[PDB]
Every structure is written in structure tokens, then in C-alpha cells.
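# Reading the structure
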Amino acid sequence: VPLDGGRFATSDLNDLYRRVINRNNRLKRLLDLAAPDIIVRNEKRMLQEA
Amino acid sequence: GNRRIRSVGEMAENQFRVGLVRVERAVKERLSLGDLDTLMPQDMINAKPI
Amino acid sequence: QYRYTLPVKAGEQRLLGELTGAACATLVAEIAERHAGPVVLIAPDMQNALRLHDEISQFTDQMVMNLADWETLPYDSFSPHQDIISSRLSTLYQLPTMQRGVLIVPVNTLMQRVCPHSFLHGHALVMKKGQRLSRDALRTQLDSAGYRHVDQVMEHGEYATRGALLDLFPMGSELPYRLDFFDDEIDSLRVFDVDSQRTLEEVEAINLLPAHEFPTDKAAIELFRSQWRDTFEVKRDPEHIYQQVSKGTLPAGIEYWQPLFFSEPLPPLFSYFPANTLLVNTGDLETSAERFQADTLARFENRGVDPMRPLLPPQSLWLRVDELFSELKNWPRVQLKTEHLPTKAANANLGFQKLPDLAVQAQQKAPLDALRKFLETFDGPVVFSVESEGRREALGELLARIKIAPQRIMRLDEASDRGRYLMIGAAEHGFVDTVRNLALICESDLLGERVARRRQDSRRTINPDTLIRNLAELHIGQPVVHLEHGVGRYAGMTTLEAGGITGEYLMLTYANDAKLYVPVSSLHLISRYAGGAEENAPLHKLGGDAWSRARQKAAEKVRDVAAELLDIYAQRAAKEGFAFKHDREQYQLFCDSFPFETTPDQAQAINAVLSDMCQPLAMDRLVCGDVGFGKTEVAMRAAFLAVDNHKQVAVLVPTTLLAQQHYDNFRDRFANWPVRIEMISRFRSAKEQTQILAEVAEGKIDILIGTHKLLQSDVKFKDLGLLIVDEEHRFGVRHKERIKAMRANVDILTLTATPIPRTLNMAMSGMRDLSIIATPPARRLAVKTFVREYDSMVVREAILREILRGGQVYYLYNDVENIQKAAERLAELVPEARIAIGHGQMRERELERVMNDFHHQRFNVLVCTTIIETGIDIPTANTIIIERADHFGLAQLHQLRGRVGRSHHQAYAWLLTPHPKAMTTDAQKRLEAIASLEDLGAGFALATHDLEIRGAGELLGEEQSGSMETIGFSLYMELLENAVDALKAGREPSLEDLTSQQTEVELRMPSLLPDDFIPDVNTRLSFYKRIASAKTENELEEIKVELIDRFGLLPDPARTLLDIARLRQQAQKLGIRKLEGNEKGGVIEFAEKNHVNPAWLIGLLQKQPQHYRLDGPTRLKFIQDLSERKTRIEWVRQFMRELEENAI
Ligand SMILES: Nc1ncnc2c1ncn2[C@@H]1O[C@H](COP(=O)(O)OP(=O)(O)O)[C@@H](O)[C@H]1O
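Looking at the method and resolution fields of the entry, one finds cryo-EM and 3.8 Å.

Structure (C-alpha cells):
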């Protein structure tokens, strides 16, 4: 919902969905580019914590 | 004889003393900061925490 | 003949004196060259030791080593970095028998005790082929180690000895080795099989070094536990050291629990000295040993607490001082010291007079007066002792100014009666040896003054009659000048208390009735008024603090970015990139010039670079990775491929220093190919700039390096084919794409350390490529990192841990106004450190002095701003202390963590924090991110932490970091392709050349089409096309009324835009090429074939010289108070209306 002052609601579940889909898309691209593995290890760590 | 009244002035004293402790730590770091020779006792202390 | 005999006795001392700087090094070189036997120099401290460690090799040729000391503090909580231990024991292996050689140990090490030699001669083996030893000798040494003779060896603890061939199967390795002794010597190192008995490898020197200095196995563990239960008391704790080692694992400082891992008394390393060894002394021991022992004890009862990790008494882990001075009567000893002992036997003072005042300055007219007046009157030979090779040429033309010829010799004995020679070495100070009249002069013997300059103090020279000569009969209300502040009204004398001292003072009233009470003692600062205006005198306000002057109200958006970024992006996506050509063997011969081997990830990064370079597409590749991972040679292989296709490689870096290293790297790597490589910065002269940039158009320089000077709207590459940009997270957006504005389909390759969020997001969203690198070639260190609260003793022990290692400390404060105070605040906190000051705002000569003196270890701790972020060398610096890590960008946090390290030494990094609830939440997220990731390869994911806490910036604007509620990327791509096919719809000229052919009409006034008037950036773009392509005022007005038709009224930015276009029409009509205007006036620059009425322009000049000056032939500076921009527009309008009325 807009807060009547030009911005939106807080709505933390959309924030968490945005965060998780960011990590997921970033990791998908990272596996697409065939990075060396130690990068995608801690990215999978980050997505799991997300 | 084990419980005492602290009235209006004593609590205002305590709140004022808490504010004084915050501003004296601030002005203490400001005084330990150099360039004292051009300093004044007005920019060194700030009326916001009191 | 030499000068002095030596101590050869059981305990004799040999006193030597008259010793100035760096003479002791060539003296002990003499000692080593004259004594058939070892030389062990005892050092007073690490620093001098390390300093002497490159001194002595300058003067002689023998193999010279330190003993690797444990790097830690006494009773510290840190492992000594096993590799160092591996170096430590190794030297300690050959220390019992080493015939010739020089070992420098410090009193920190020499007071330390070592392993009991049972473990070393039993549980370790280094053996080289040039070791003349027999068969049964090694047989009985294996027997004494406890090994078993099996003639078909398979088991740990076995060896074979048949005929001449000996075999061994150790505790350490799973393989036996064949020895083949001949003529009382070792003659094979044959790695043969456990069963098949044929050789795997022919070795010269076998290195079976134990994994620790101490026994580690089970029997050692129960022996240790027996010792601990005898000494300390065991508590039920899963972190207590007894249970911790009982689990088999190890804590950090475990080695400081030394003697429990042997159950023997520990030797003081004197046991490891050879038979007739010669100890040489430096400074004294009789001082430093005392205060080291005092520090040792003070630290011991400082941590003689804490049943979690209790400590042994220092009597086992060290000698006592008296114990040292007893064992120092067991060896013939030399004491070198810096004064004149009078006379006795076993004593000599050798003429080593310090150098006279030889110094250079720019203040005198001929700078080398002292040297030019010294050298003709110095009867002996003269030696020049330059450190570096290229710095040799820094002396080469310098003494050529005094016309004096250096010859390169190697040996100090090479001196003649009178001759001038250069010596390449590592000295620091010179001297005259008056025995042979020899003179050694260091480079640092030239620049003795690291001096600043004073100022102010004007009225202290005004001792005139107005000072009143301290009359003390002054009246009240007298306006009185007090020279530091100004004039007040004197209001009497007053007594005040001052902290247990009552006093009498002169109360003086300044402005806003602020009192000031100078003492009656210092009455001479006080002067009577001189202006004669005693009843008209002003009043100064005290303090002069006008900071309030930082309030508000600056506007922005003078120039739109979004349309132009969309334009350059559409132009790139419209045209096609260059398909490069690759030669196998020509590229392979370039690969041969690389004197290394590519790590496999580095290779495939290089392969992805070339297999994108050679394509019809345009390269746009991030080559992100951690610093020091080998990024540059990727760009080398890229450029070579580019440059052989004749494509004029352009290199961009954001500082002069990085350009300076890059010039060396490029020139040294391209040392065999017909390519000319140069650089440009502010350090280049204009006369060099004016030929380099001109020649760029001609183009025999193919590789050009520089700062922002390339992006200065004058550099014209004749055929640009490769952009390489380094150290990305700078450069805004405009500087980044300002080069691509020149050539739409240029290939761009961007190196970085940690990419900025915008270029990270745009790369990860498929717009640009990404190629990550990891796995550094040399095994570098993850320099342990901490984030702790500010604590005066924590920073103290950090400083101490670094300085008794011997290196230097970067201590960064990043506020120049108080760094002077913070210097002494640190300095009496650590009184034995040496602190100098360095920041970016000094006078640009003392800074270089500070950094070079730092580079020559003349002081230990440097207080600094973030000037060090420019990435200087000197890896001896090994500890960063960021005092207020609250306000520092996370990318350059990683960068500063990259500053320490660069060594096999374990670097450290303390990140001081304020109190956790005081700081910003974002700062806490930053510090949790930096405390999470301490590895190699973690730079990139740390940039993924930089993103997603600040928001990756807007995809079609500036401001690389920020949430900003941008253009959505799917909508971004749609607008992009719409621009693409609308662009290639009918071959529409790129907007950038509509910039170039346009006359310069800059007026410092906001002239654009605002986003509210036109939301669609394609439409605003094509309107920009139509206005700058419009060539008639009729078409300008038609476009204007069409805009009005489409969107209502015409706002002021649109109106100003359109009339500037009108002005451009008559500017190009007359020949008025360069028009700049401002508030103050501006410059009208005409063409060479201009429509200026010359006589009428002279009439303008002679009717108003204040508003018309020809400064140049066609440069007319007009000075007008153009306060209103409407008046500015009408002024310039009516002015060119006058000029067209006078057009010819
Ligand atoms: N494949 C390799 N094998 C051995 N050493 C390498 C290799 N690649 C790089 N190095 C070493 O690492 C350094 C490379 O650093 P460079 O790419 O010049 O800049 P950065 O320090 O930013 O990586 C060089 O000093 C080089 O000696």
C-alpha cells in the first residue's frame, strides 16, 4: 500500500522474496558462466541462508 | 523508612545529569581534539542531548 | 695486511670502536672473509638485523642467513606459522655443522631456548648430495634414531644397508630412498619403490622436515599430559588446553607450552653453535637484554592469570640475563660500538670518521656545492653506493652536472688511490676510512633536511610605540589589541582560580561580550591601540568559528545523462564489433616471453578473452578477481592479439602511480616486438603532451597508458580497437563511456578488484560478460583480520607485535585536521615506536620524503589518510590499524586488506570499531560481511555484499550505488532495442558527432529536456536529434511549436535549450566557433576566417576595455556581471546581433 507520502508499504515478505530471487538468479547466471567452484560454493551458502 | 519519595525536582536532576554525562563525553572528545587556540565554549558543547 | 687481530680464545672479548653508520657491515664482511669459520652476529633488534641482513650481502659474497624467529609476542595467542617453523628447524638442522657462513640472530631469539636436538637428529632428515659421509656412520645414526635393518624395506622405522647401497623408510614419508654411498660421500638419492625397488626420482637434496618443531604423536601426548598434571591443574573444560590437546587438535599459542613436549631441560641454542664460532656484537646486549627480560616478565604476570590457558614460568622458555652473560664467557666474542675506547690490549679504534656535511638543496644556485668543493680536496677514492639500478641513472646525470664519472665495480677492495666509482648495494650511511683514505657515500647522505616552514607571527615584529612598553597604568575602557585575536575593551584585573592555582588576569571584552583573561605575567602580548580611533575602534569576535557556513541549498541536474547513455548504448548495439585475427605461433612466441606458467583458470580466462576478441560481436568483459592473482598478463595477451591486428590499444588507470607501474610492465613484457608504448599524465610536460597526443593521430604509438587525460576531448585515435581499463570502481559513468562515445563498436575489457554494484548487476544481468579468477599462483596468506572495539592496550599490543617482528605499521586515521594530535596520542601510547606523518595535503615534497624514508625503514609507524590506498610497494609493512572503521567504503576495506600481506610473513589487520549500538546499521552489515569472509577468492562475493546493501544503481543514469527506484531492466532492454531499430531504421547519424560539429556554446546554464515534459527517452532522444540537426530557425520554431502541441506549455529548460540552438545557428553562420560564458563574463573565440568587423571590434575594445579584451587574436574575453541568466542570453544575443550587423 502507498504510505500517502510518495512511497510504498514496507512489506518484508516481498523484501525476502526479492532477496531470494536475487541470489537465485545470480547463482543461476554464475553456474551458466562456469565459474571456478569456490565462488559458487559460498554463493550456494548465501542462497541457503537466504 | 525504607522507601522514600523522590519528587519532581530530583527526577529532573537525574535526567539532567544523564544528559550532562552524554554532553561531557562529547565535549571531552572535542577538547582532546586539537586546535583549541581558536576554539570557543559554544561549538564544543551541543544543546541537542540536553 | 689487515688492521687487527681477532679473538681466538675461550672467552676473550675484542673491543672495537670509532664506528659510524653502516661501517660495521663491511667490518664484519672483513671478519667473515678473514676467519675460516662461522660468523654469528647478535643483533640488538629485528629491524637492525633485517637492515643488516641486506647490508652485509652488499659488502661480501658468503651465504648469509637469519634464523627465522617466531614472529609472535611472548605468551601470545598465535601460531608461529609452520612454514617459518619449517625454515627455522631447517637452519637449525645444519647449525651444528656449518663451516663458513654468517648467521644473524637477535637477542629475542638468542635468549630463547630451542629443541633438545634428540627430536631433530632423530625425527627429521635433510640430506644433500654434496655431503661427504660414510655408510656405517649413517647406519648407526639410523640405529640411534631407533630404526630397524630390513633389507627389503616397507615399514616406517626401517632402513637397509647392503654393500654400498643404503635405503631408508622414514616416519615422515611412505617411500624408501636409495643412497649409494661412494668414497665416503653420498652419491644417489633414488626414490625407489616400497616393493619393486626401482627409482621414481633422482634427487640432489632430500627435505624431510617435520611438520612441527615439537613431537606430536601419541607418546608425546601422554608425556605432555603427565607433565601438565604434574605442573598445572586440569579443569573440566572443552576448551582448556589439556583437553584440547587430549583431543589431538591444537590451539594457536601451543608452542609457548614448549618444554612439556619433551620432558627434558631445553638447550639455549649455544649447543647448536659450531666448534670455533665467532660471535660479533652490535650496539650492546647489556641494555636490550635487560628491558627485553623486563618486558618478558611483565607480560608473564600480565597473563599470569586466566586458568583458561595458564603459562609456564619464563625460566624454562628463556635464559635469564645472567645465564646469557655466563654463556657469553664460553665463546670468543667481538664487541663493535660507536665511540672511542682509549687503549688496552684486545682493543682497537679504527678510523671510520663520519662524512662531512654533504647535502643538496634547491635554495642555493648551484646545488652540489658541498660535493663539488669536497671531491677535488678529497685525496682518496670515492664510492657512490646507489641502492637501485635506475636510481643509478638518477645519480648518472646528477654528478654529470658536476662532471664526475662513476665506474661500476663489485668489491670495496677495488679502490685505487683516487677514483670515482658507483656501488650497487643496500647501504644507508657513508663514512671515510682514513686508514686508506677511502670514502663511501650513500644516496641518503644527500638529503639530510626533512624540514618544514614556519609562518604567521606578524605583530611580534611590531615592537613599535603602540605596544605601550607594558605601562600597567592602562585605564578601563581602553580599546586594546591582543595580537592573536584583535581589539577588545579592557575591563580591569580580576582574580580567578585555575585548578589549584589562584591567579590575577586582565579581563578583556571582545564582540558578543566574550571575556578573555590573559595572565598578568605575559603582559607583553598586550598592546595599546594605534589607529587613534579609541572611541571608534571595532571589536573582533573571538574564535572566528564560521562553520555554520555549511547549511543547504545547492541545485543539480544541469545536464541530463539518461538520453546520452541510451544513445551510446544504442549506437553500440547497432553497429558490429571487429572480428580479430589470431595467429597460433605468433601468439605462442608471445606466450614464450611470459616467464611463468598460467594457472588453469587464468588460462581459460585468457582463452575466453581471445575467443570473444576474435568475434563480430563487441567485447564487454569483466575480468573480476582478487588483487595479486595475475590480472595483468591477461591484458598482456589480450593487447598482443589486439596490437598485431594494428588496432591502437588504449590503457586507462585512475592515478599516476598505477600508470607508472603499468608503463614498466608493458615495456618490459613487450621487449621484442615492434610496438611503441607510452604514457601520459600530469607528470608529463606539455611539450611532450603536444607531440604524444598529436602522434596518436599519426599512430606509431600503438599502446598508450594514462589517467583521465585521455578523456579530455582532444585525443583522437586514428583506429581504436581495444579499451583496457584498470581499477574499475572510480570513473563515474561519464568517464567510463566517454571513450566509447568515440567508437561505438570498440571492444572494452574491464579489470577490477571488487566491481562496483552497478557494473556488477549489469554484468550479471547478461548485458556484459563476467570472468571471475581465483587460485593465486604463489601460496599467499589470508592475513587474519579482526573487528574489535577501540582499546588503548589492544592497539598497543598490536603495535608491539608488529615492531618486535621488525616490519612497519600502517596506522590510518583519515582526518588531516587532527592527525597531528593523533600522532602524539599514539606516540606516548607506544613510546618506543617511531612515528612520522603522511597525508595527501602536504607540500608534495615532504610526502615523498616520508614515503621514501618509510621505504628505507627509517621509522616504524606511519599515521596517514587514505593516501596509502594508491597501492604502494614495501611489503615489510604488515599491519593495518584502521582507527575508525565506521566510515569507510567496503570495497576499499578489501583494498586496504590487500595492502598488507605481499609476503610469506603472516600479516595482520585490526579493524577498530566504535561501540556497536552507536554505529550505523549499515556499518554493522559491512563489518559483519568483512568479518565473515577472510580467504582468497573472497573479493568477489564481498562485492556481492557491496551490492544488495546499497542497491545497484540506476541502469540508465549516474550514481553507481543506490536503490533510486530505477528503470526496470526488462523495460530498459525494450527501450534499448527500440532505440536500436529506430536508429538503424534509416541510418541515423550518431548524436556524439552532433556534439562535435556543434560550436561550443557552453554557458554554465541548465539546458536540457526534463523528464516530466517527455517521459519516453526515445522520443526525447529523437527530439534531440531533430533540434541539433535543424538548420533553419523556421525548423527550430516548428519543432518548438510541435513540442508545445504535444505536451502543453514550454518550460524554461526547453526554452533555454531552443534559444541556445538559435545561437548555434548564427555561431556556425558567422564562424563563432568557441563560445564560453559564465556569471563573470566569458570567452568568444572566432574562426580564423571570421566575420568580425576588425576595426569595429577595436572600437568595442577602445570604448570598453573593461568589457572587451582581445587576449589572443580571436579570443575575446568579455567581462560582464551576468547575474540573471536571461540577461546573459539577451546580452549574447544582442552582441552577435551587433556582430552580424557588422558581419563582412
Ligand atoms: N601464472 C603465474 N605463474 C607464476 N606467477 C604468476 C602467474 N601469474 C601471475 N604471477 C605473479 O603475480 C603477479 C601478477 O600481478 P599482476 O597481474 O601484475 O597485477 P595484480 O597484482 O593486480 O594481479 C606477478 O608479479 C607475477 O609474478
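That covers the picture; the talk isn't over yet.
The helix and strand tally for chain A stands at 2 helices and 0 strands. Since a compact globule built from 50 residues should have a radius of gyration of about 10 Å, the 15 Å found for chain A marks it as more spread out than a globular shape. Put simply, chain A has 50 residues, and 20% of those count as buried. Carbon and sulfur atoms make up 53% of the accessible area of chain A, which amounts to about 3900 Å² in all. Distance between charge centroids for chain A: 4 Å, based on 10 positive and 7 negative side chains.

All names here are of chain C. Evaluation of the coordinates by the stated rule reveals 58 salt bridges over all chains. Here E832 makes a salt bridge to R796, at a shortest N to O gap of 3.9 Å. Here the residue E832 occupies a position in the loop between α23 (819–827) and β36 (835–838), and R796 occupies one in helix α22 (residues 792–803), the gap between them amounting to 36 residues. In this structure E832 comes out as partly exposed when scored by relative accessible area, which is 31%. Measuring nitrogen to oxygen at the nearest pair gives 3.0 Å for the salt bridge that ties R950 to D946. On the basis of relative accessible area, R950 is assigned to the partly exposed category, the value being 36%. With relative accessibility at 4%, the residue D946 sits in the buried group.

Let us look at the interface of chain C and chain B. Each partner contributes residues to the interface: chain C has 8 residues there, and chain B has 8 residues. Its residues assigned to classes, the side of chain C that touches chain B shows 2 nonpolar, 3 polar and 3 charged.

Next up on the list: empty space enclosed by the protein. All names here are of chain C. Approximately 140 Å³ is the volume attributed to the largest cavity. Lining the largest cavity are 16 residues; nearest its centre among them are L358, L371, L399, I441 and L446. Within the lining of the largest cavity, the residues separate by chemical class into 14 nonpolar, no polar and 2 charged.

The next thing to look at is the site of the ligand. Neighbouring residues of the ligand: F596, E597, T598, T599, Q602, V627, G628, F629, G630, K631, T632 and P777 of chain C. The contact in question runs from an oxygen atom of the ligand to an N or O atom on the backbone of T632 of chain C, over 2.6 Å.

Next up on the list: the arrangement of the chains. Highest in contacts among the 2 pairs of chains that touch are chains A and C. In this structure chain A stays clear of chain B, and the shortest span between their C-alpha atoms is 28 Å.

What follows is about a nonpolar patch on the surface. A contiguous nonpolar surface patch, about 290 Å² in accessible area, is contributed by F16, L20 and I50 of chain B. By relative accessible area, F16 of chain B is classed as partly exposed at 48%.

Before going further, it helps to examine the interface of chain A and chain C. Residue-level contacts link 14 residues of chain A with 17 residues of chain C. Roughly 1300 Å² of surface becomes buried between chain A and chain C when both sides are summed, with 62% attributable to carbon and sulfur atoms. The three residues of chain A that bury the most area against chain C are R26, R29 and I39 of chain A, which together make up 38% of that side's buried surface. Counting across the chain A and chain C interface gives 2 salt bridges. Where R19 of chain A meets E948 of chain C, a salt bridge forms, and the shortest distance between an N and an O atom there is 2.8 Å. Inspection of the region where chain A meets chain C yields 3 residue pairs in polar contact. Looking at which element gives the most residues to the side of chain A that touches chain C, the answer is helix α2 (residues 37–49) of chain A, with 6 residues.

This part takes up helix α7 (residues 218–231) of chain C. All names here are of chain C. Taking 1.5 Å as the rise per residue, α7 with 14 residues should run 20 Å; its terminal C-alpha atoms sit 20 Å apart, in good agreement. Residues of α7 that are buried: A220, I221, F224 and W228. End-on view of α7: buried residues confined to an arc of 100 degrees, all on one side of the axis. Opposite the packed face of α7, turned more than 90 degrees from it, sit the exposed residues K218, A219 and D230. The secondary structure elements touched by the buried residues of α7 are α8 (241–246). Backbone nitrogen of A220 and a side-chain oxygen of the N-cap are separated by 3.4 Å at the start of α7; the cap is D217.

Now for the sheet that holds strand β18 (residues 407–409) of chain C. All names here are of chain C. Strand order in the open sheet made by the 6 strands is β16-β20-β21-β17-β19-β18, with mixed pairing throughout. Unpaired on one side and paired on the other, β16 (353–354) and β18 mark the two borders of the sheet. Note that β18 and strand β19 (residues 420–423) share 3 bridges and pair parallel. Its bridge partner lying in β19, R408 is registered against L422.

With that settled, the discussion passes to the sheet that holds strand β4 (residues 102–106) of chain C. Residues and elements named next belong to chain C. Taken together, the 7 strands give an open sheet; going across it, the order is β3-β4-β2-β13-β14-β1-β15, and neighbouring strands pair in parallel fashion. Looking at the sheet topology across the chains shown, the edges are occupied by β3 (64–66) and β15 (347–349). When the angles between neighbouring strand axes are averaged without regard to direction, this sheet yields 20 degrees. Bridging between strand β2 (residues 39–43) and β4 involves 5 bridges; their strand directions are parallel. Note on β4: the bridge partner recorded for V40 is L103.

Let us look at helix α28 (residues 969–983) of chain C. Relative to the 21 Å expected for 15 residues at 1.5 Å per residue, α28 of chain C spans 20 Å between its end C-alpha atoms, a close match to the ideal helical length. For α28 of chain C, the secondary structure elements touched by its buried residues are α14 (562–574) and α30 (1017–1028) of chain C.

All names here are of chain C. Locating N878 in the fold gives a position in strand β38 (residues 877–882). A relative accessible area of 2% means that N878 is categorised as buried. Beyond its immediate sequence surroundings of up to four residues, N878 is in contact with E802, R805, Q808, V900, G901, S903, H905, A907 and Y908.

Taken together, the side chains of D35 and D37 of chain B together with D815 and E817 of chain C define an acidic patch exposed on the protein surface. Here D35 of chain B lies in the segment after α1 (8–32). Overall, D35 of chain B belongs to the partly exposed group, its relative accessible area being 47%.

Remark: a regular strand shows side chains that alternate across the two faces of the sheet. Residues and elements named next belong to chain C. By the criterion of burial, strand β39 (residues 908–913) is predominantly enclosed, with 6 of the 6 residues buried. Of the two faces of β39, both are covered, the one formed by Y908, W910 and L912 as well as the one formed by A909, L911 and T913. Pairing of strand β34 (residues 785–789) with β39, which is carried by 5 bridges, proceeds in the parallel orientation. Along β39, the bridge assignment pairs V787 with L911. Inspection of the sheet shows β38 paired to β39 by 4 bridges, in the parallel sense. Note on β39: the bridge partner recorded for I881 is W910. A crossover connection joins β38 to the parallel β39 through helix α25 (residues 890–897); in handedness this β-α-β unit is right-handed.

Glancing now at the nonpolar core. Residues and elements named next belong to chain C. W228, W257 and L269 are the most contacted members of the largest nonpolar core, which totals 50 residues. Listed by contribution, the elements that provide at least two residues to this core are β2, α3 (82–94), β4, α4 (107–110), α5 (118–122), α7, α8 and α9 (285–302). The next biggest cluster of nonpolar side chains, apart from the first, holds 39 residues, and it includes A562, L955, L1008 and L1050.

For the pair α2 of chain A and helix α27 (residues 939–946) of chain C, interaxial distance at closest approach is 9 Å and the crossing angle is 35 degrees. Along the contact surface, α2 of chain A presents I39, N42, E43 and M46 of chain A, while α27 of chain C presents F940, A941, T944 and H945 of chain C. Here the contact of α2 of chain A with α27 of chain C is composed, by residue class, of 4 nonpolar, 3 polar and 1 charged.

On to the state of the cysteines. This structure, assessed with the given rule, holds 0 disulfides over all chains. Here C24 of chain C stays unpaired: no disulfide links it, and the sulfur of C442 of chain C, its closest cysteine neighbor, is 15 Å away.

Moving on to the pairing of strand β28 (residues 649–652) of chain C. Residue and element names in this part refer to chain C. Neither face of β28 is left uncovered, since the one carrying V649 and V651 and the one carrying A650 and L652 both have all their residues buried. Inspection of the sheet shows β28 paired to strand β30 (residues 701–706) by 4 bridges, in the parallel sense. Bridge pairing links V651 to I705 in β30.

Cut-offs applied
- Residues numbered from 1 in each chain as written, not as in the entry; some residues may be left out.
- Chains lettered and ligands numbered in written order.
- Part of a larger assembly, values for the part shown.
- Heavy atoms only, no water.
- Residues with missing side-chain atoms left out of burial classes, pairs and counts.
- Helix = DSSP H or I, 4+ residues; strand = E, 2+ residues; numbered from the N terminus.
- Rg over C-alpha atoms; globule rule 2.2 N^0.38 Å.
- Buried < 20%, exposed > 50% of the residue type's maximum accessible area, 1.4 Å probe, protein only.
- Areas by Shrake-Rupley, 256 points an atom, 1.4 Å probe, with all protein chains shown as cover.
- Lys, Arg positive; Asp, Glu negative; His and termini not counted.
- Charge placed at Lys NZ, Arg CZ, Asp CG, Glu CD.
- Salt bridge = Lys/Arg side-chain N within 4 Å of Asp/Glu carboxyl O.
- Contact = heavy atoms within 4.5 Å.
- Nonpolar A, V, L, I, M, F, W, Y, C, P; charged D, E, K, R; others polar.
- 1 Å grid on protein atoms, 1.4 Å probe; cavity = no way out; pocket = protein on both sides within 12 Å on 5 of 7 lines; lining within 4 Å.
- Points joined across faces, edges and corners; volume = space filled by probe spheres on them.
- Near = heavy atom within 4 Å.
- Polar contact = N/O pair within 3.5 Å; in protein donor to acceptor, adjacent residues only side chain to side chain.
- Patch = residues over 30% accessible without salt bridge, like charges linked within 9 Å, V, L, I, M, F, W, Y side chains within 5 Å.
- Buried area = accessible area lost by both parts, 1.4 Å probe.
- Expected span 1.5 Å × (residues − 1).
- Arc of directions from axis to C-beta.
- Pairing = 2+ DSSP bridges.
- Axes fitted to C-alpha atoms, helices over the stretch in contact; angles between N-to-C directions.
- Right-handed = clockwise from strand over helix to strand, strands pointing away.
- Core = buried A, V, L, I, M, F, W, Y, C linked by side-chain atoms within 4.5 Å.
- Disulfide = S-S within 2.5 Å.

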